[PDB]
Structures are given as structure tokens and as C-alpha cells.
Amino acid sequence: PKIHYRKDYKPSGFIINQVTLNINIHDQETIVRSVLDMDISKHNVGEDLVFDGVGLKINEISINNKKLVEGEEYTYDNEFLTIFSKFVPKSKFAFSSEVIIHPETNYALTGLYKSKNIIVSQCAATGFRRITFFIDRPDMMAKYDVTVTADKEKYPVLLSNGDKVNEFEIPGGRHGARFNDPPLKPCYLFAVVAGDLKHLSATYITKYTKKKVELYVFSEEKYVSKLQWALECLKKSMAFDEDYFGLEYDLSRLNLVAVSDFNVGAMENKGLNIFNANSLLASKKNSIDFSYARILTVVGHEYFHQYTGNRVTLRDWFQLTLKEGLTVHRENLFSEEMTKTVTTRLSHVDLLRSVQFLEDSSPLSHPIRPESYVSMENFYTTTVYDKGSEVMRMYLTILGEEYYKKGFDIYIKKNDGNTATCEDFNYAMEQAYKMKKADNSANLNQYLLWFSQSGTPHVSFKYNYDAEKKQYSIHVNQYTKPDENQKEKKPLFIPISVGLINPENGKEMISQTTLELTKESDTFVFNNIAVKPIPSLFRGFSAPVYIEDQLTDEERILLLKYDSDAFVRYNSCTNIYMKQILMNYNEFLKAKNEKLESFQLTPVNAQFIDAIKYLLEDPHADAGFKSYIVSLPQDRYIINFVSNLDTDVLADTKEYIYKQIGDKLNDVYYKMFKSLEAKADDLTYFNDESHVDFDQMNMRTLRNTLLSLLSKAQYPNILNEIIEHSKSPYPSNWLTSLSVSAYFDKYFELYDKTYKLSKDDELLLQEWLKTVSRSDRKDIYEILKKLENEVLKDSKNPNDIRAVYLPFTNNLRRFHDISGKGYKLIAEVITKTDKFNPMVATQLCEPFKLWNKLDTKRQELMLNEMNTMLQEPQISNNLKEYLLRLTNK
């Protein structure tokens, strides 16, 4: 297993100037002919010419139109094509090859593969080498001339990068299309699509140069009517990058294509973006509400790659966070602007502090720029993407809007036409930092630690107020736990957006202020503070850290009620919950360990429950925010604060706290569920697929959250509401009616009802699968068996497999069953999946990421299943590397 090291980067001894591709698709094989116009680079030292080439069947290879002989002049081991340097010319030359590949049986969904009735490529690192021979690394820039031929009846629509310069007929009912793409690009931005695609189209006119841009969104014929929202989202994306960043689309056409089989969300190939169907297709009748924000962010994301990707490429894959973190950051700015709901930012923080914090405190912990990798595909992680995005976002927080845009422009201009690194972006931002500080000696050298240092920093506070001096002090401390990546952790540049709330009236006491913590500790003093304030810390979640506010619950309640920052209100609520959770957990644990016949639990803070009631009953308050405050923190957020987590005890803890709050608020919950109906379920624009109301969807989120709370609490006659809810036109609603019906005898009745509603839409059925999979049922294991036998079967569709199993793994009581039954089940699925799709198999390992955080028994059970998976003879390199790092072996 070869390990690639970041510090070992060296430019190739070769150059690939021109790529000329002929891709001939047939019924049971695809023939690929390729001519590479190559040269010797200045870094060449007479080494062998080595191409990446995975799973290629060689018909012939040549240098300068002369066939190479195997064994004497070259060797190929199904992974690397080695051509002995004596047969490699010392000047310009042409390498040519003809290989056979088989997209029909490419179930790994990387390289060229068949998804239902569409042939599509997926090259983003390591993929292009599965189509033909290449020096498959992002610093190898080349020009592309691509011809695609296929059966005209099966594949009338042919797409690739650049301009379609020729279309022609071929004997045998075949046809061809030539695409020439003159600008240099890396091979991971290459793409080809073939199929019976239908489209929606539109024309977009750019802001400044007035260039008309053709916009096409593609899908199979059956779901072509589900393309409208994506088209609108694409329009929004282009406008935003124009309005915010001043950037126009460079080409005359942009294609979006949905395919049913896809490992991730999407890919951003130049002028041709390719999407997981679940992230491009939606309709009001056939999609849950979540799809609309999903399509918005993903379409936006892949579009924001276009301008930067056109000018600035990654030097190497260790720089992945530079393009992914930055693009997710741009995607998030976009989404917040488009949704105009505080829950957009809250949802990204919620994901980071659950999933990414878990990752960063696990043995899989890595910095956003890793020092090494075995399988590049294994580092498309929430750390690289989402912590990466937060690191990118901190630049904006530090610099402010005006100087951030200045820094961004410097980045593009300085690095236009070349490859770049994380250091290049930091340098550009440093120039803006100098300008802002009016100080040419200012620098962001320390900031680089955000790229190199793994682990989540802990930030804690102490306060002092001098009533006579009107003087307020915030003492801050930062600390990152040592891990297997760095022995000694260094202090980071931590930007702390703060406000000061007057507890007497809820007013702001100081202007916008961002504290710059650059040391292990510092004391920030504020003069002319007329009264002892309550600090509002890390507004907007201004740094990706553990926040320890050291406030009382009284102070936290006041922030929750009166603070202006949505995140700090949300965090204060979170902190109140966590204090309660840790307290009741330990009480439950102690009772269990000592086998007590009787014991006490500390009740939920009465004033806290009062505050929740207050917010819930406020008409001017946000429905989405309301849904957060009545929900306990994510289990994966909680587990970061508990050693040897007994999942049963946590389940008991959560149940007690929900019951405590419900005993007081259930009538308020029921009242709101009824009063919210009219606005939440309004059908006025149900058949207008361009009309998306994010506030309204949040009202539905609130209703469905309340309905779940009332169902679990067995509220009197709530089953009546549940049944009527099942009749709603909105899938978010009637799928909710299924999962909340779990506590009733009507479950399998609604099981069958909602299945029939879902079965005729591929994506909708997958949402139904998720709902069933997540259903709080005691017979969930039998139910999963039913799904396998009756619905899933031997599907190799990642959307199908993930939908059936992943939500189940969040079942705190059932997945973590003490017999290890759940661990065994998922391991079997992982091993089964790894046979045809290593990446998705690695995805299905996610439950095990917390293995060393559980109680000793469950650690043992999980560890056994992982070692069992590790012992599989046919285990992939992806899965092997992942499990080896996770098990610290």
C-alpha cells in the first residue's frame, strides 16, 4: 500500500500538451483510442515514462506511430504502464493507445460507467486513469479534442467539454460528435455523457459583458419535469457570483446532468456539471422539503467551481481543501443569501459540530490539508470540506466584506493561469490583511496552522466586572488536545465575534467587535460598560471550536430570549441542554452501576422551560429556530462530551429530558401544531415549481417536529392528527406521518399507504426507505429484513443502499443493541458493498467512527466487526486504509 506524502511533491518529468480522444461505445464494450502529444520537461532526469492506467485492456500502444512490444519495451500491471526510458524519446513525441473498457459492469461508479440508460464519466482524481492512460495528476494541464460515437437510438444525446464542432452519421445506426476544448485543463475536469436525455433550457445574459449563455439541465425522460428548480437555482447562482464576487460565466454554454447512480452529490467538470439525481431533481408532489435546499446548495456549489476552476487549478490533491473548502464557503454565502433564514447557517454549524467534531476527535482525525494519503477518495471528508469552509469563512470574518473581496481578487489575479496551494490563498488574504491593518508588517503566518493542525480547539472564558470603574474583562483561553498528528499543539489565530448584552433590557452595549485571539490566552478589557453585561460569544459561530462560555443557565436563558445573534441563542440553548444531559446521564449511570433500587434525577430547569414556552408562543419568532430549541442536541454532538458512552443510558437520559419538557409544554405544542397548519401547508403554489418558500418549509419542519414530540409523548388522540397528516399533499408531511405512527397500531397501515405513494418515483421511494429505516420501531430488524427482501434486493444503487441502512444506524437503542446485532448487520453490508463499490463501502463505515467512545462492551463488539471486515481477503484498498486508520492499527 503506497503512501503519498505532501512534502514529497515534485513536478513531472513529462508534459502532456494535447489529448485527442476517440470513445467508441458499443453494446458490451467501449473502445477508447487516445493520442497524447507529449514533451520532455525541464525536471526530467531520464526516468521511465509511467502512465496511470487502471483496469485497462490493451489492444496496442505506440510511440510515434510505432507499436510497442510487451515485456521488452513496456510493462503493464493493470495499474501502471511503464515504458523503459531507452524507448522514450528525448524530445517532443506522440504516445498513442487503444484500450477496451466496460462501463456496463463498472459498478464502482468511477471512470466511465453506465447508470441505468446513461453513460457518464466521473474522473475527480484517480478516475480518468480508468478511461485511458494518463499522468493522472491535477498539475498536468492539457488541451482536449474528444470524439464520442455510439448507437443513435440508445444514445441520441452526446456531451463533453468545449464546443461541439462536428456531428456525423456512422454505418450501423451509429452517430458521432466531436468536442474541442482549447483551454488547458486538468484531466479531473474532463467529462463525457451519452444517453437518451431530455432537457429544460434557458438563456442567461451576463451582467457586464452582456454575453448570452445557454443553460441546459438534463435527465432521463421520465423525470424531465423535475428539472425546473435546478434551472432556477442555476440562474440564482450565476447572478450571485456576479453580484457578490463580480464574476461572470466564461463560456457560452453550461450543462447540468442528473444520473441515478452516483457516489457523492455532484462533480464540477468544465462547462458540464454532473449530479446525483437526488441533488438535481425535485417536484412538490414527489420530493420532501429538504430536496429544495439541497439542490440549491449543490447546483450553487458546482457553479462556483467554474470561475476559479477556469483560472486556478490544484497543484496536487493535498490542496483539495483550497478548492472544496473555498467553494463550500461560497456555497454557504449563497444559500444564506437565497434562503434568508437563520436556520441555514444554524444547519451548517449543527452538521460541523456533530459529524466533523466527531471525526476530528476520532482516530481518523486529520488537518484540512493532510500530510499523506493512500486512497485519495478517502479524503473527501467533512474535515476537508466543512472545516475547510469554516477556515475559509474566518478570512471573511477577520477582514470584513470589503477587504475579503480585495483579497479574493488578488488571489485570482496573482495565480491566474497556474496551479495553486493553500499557501497561495493565505498570501493573498495576508495582502488584504496588511491593507486593512494599515500596516505592511502585519502577517497571517500563524493562520497557516488552520491548514496543518488537526483537532478541534477548546475555547474557554472567565469574566470580571468592576461596577465602579464601569470596566468589563473577558479572559480567554485556547487549547487543542494533542493527538497522533501533532505532539505539541500551537495557539491558533482565533477570531471571536462578540457582543455585550445588557441583561436589564436586552440591548447591545457595544458595536460589532471581533476579538483576535492569537495567544494561548488573553484578557480583553472594555471601558464605559455601564452595567454588568452578559457576553454574546462567537457570534455566527465565528471559529470552528469547542465553546465553553462558563455562563450560568440564568445568563444563557437571557441570551436565548434576548440576544440578537441566532447562533449564540441556539448555542446557549444547546449549552443548557448539555449541562442537563451530562447531569442526568451521570445520575442514570451511577444508579445502574450501583444497582440502586431507588434514586433521584435532577429535573429540567423550570425557567428554561418557561423560556422555550415564551419563544414558541411568540408570533414574530422564526419557525425554524423554534424547531431547534425544542430538540435536544444531536447524539453525535453529545458523545464528544462523554467518555465510555453507554448508549442505553443516553437514550434513557434523552427520554427523561423530553418527558420533563413535554409534561409542561405538550398543550402548547398541540396548539401550535394546529395553528401553523394553514400557513405551513398552503397549496397556492403547489404546482409552481419555481416558487420556493423557505419560511413555509420551516413551518412544516416545526409542525413535523411538534407532531413527533406529541406522538412520542402519547398525547391524547394524537393518532387522529397523524392519520389526517398522512393525507397531506406534501411528502414532508405524509412521510412524517409514517415515522411518528411507529408508536401506534396504524404503522404498517401507513407503511403500505406511503409505499404506494412512493413506489413510482425513484427518488421518492428512496426517501420512503429512509423514513422506514429511521422509524422508531421495536421490530426494526424484521422491518429491515422486509426492505431487503421486498424493495432493496441486490440493488447496486448507492442511493438505495444508503437509504436503507444509514438512518437505522442513528437508532440509539436499536443499532447499538448490546448483542452487537446492529454492528454485525452493517459490517455485512459494508463487506458486501466493498465487492463492487469501495467508496460507498467506506461511507457505510460511518457508524464505527465513534467506536472508541462507547462503553467497554460496545467498543469490543464494534472492534470485532471491524477486524472481521479487515480480515476479508478481497477487501479493497479504500476500505483497508480506512479501517486501518480507524482502528489505529
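Note that residue numbering begins at 1 and tracks the sequence as displayed.
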Identify the stretch, either 583-591 or 78-86, whose C-alpha atoms have the larger mean B-factor according to the entry. 78-86
Stretch with higher mean Cα temperature factor, 426-434 vs 696-704, is 426-434
Looking at 654, 489, 130, 774, which one carries the largest C-alpha B-factor according to the PDB entry? 489
Per the deposited B-factor column, the C-alpha that peaks among 716, 111, 265, 495 belongs to 716
Sorting the chain's modelled residues by C-alpha B-factor, tell me whether residue 820 ends up in the lowest, middle or highest third. middle
Looking at the C-alpha B-factor of residue 21, is it in the lowest, middle or highest third of its chain? middle
Would you check the entry's CA temperature factor for residue 739 and let me know if it's in the chain's lowest, middle or highest third? middle
Taking the chain's C-alpha temperature factors as the reference, tell me which third residue 33 falls into: lowest, middle or highest. middle
Rank-wise, by C-alpha B-factor, drop residue 869 into the lowest, middle or highest third of its chain. lowest
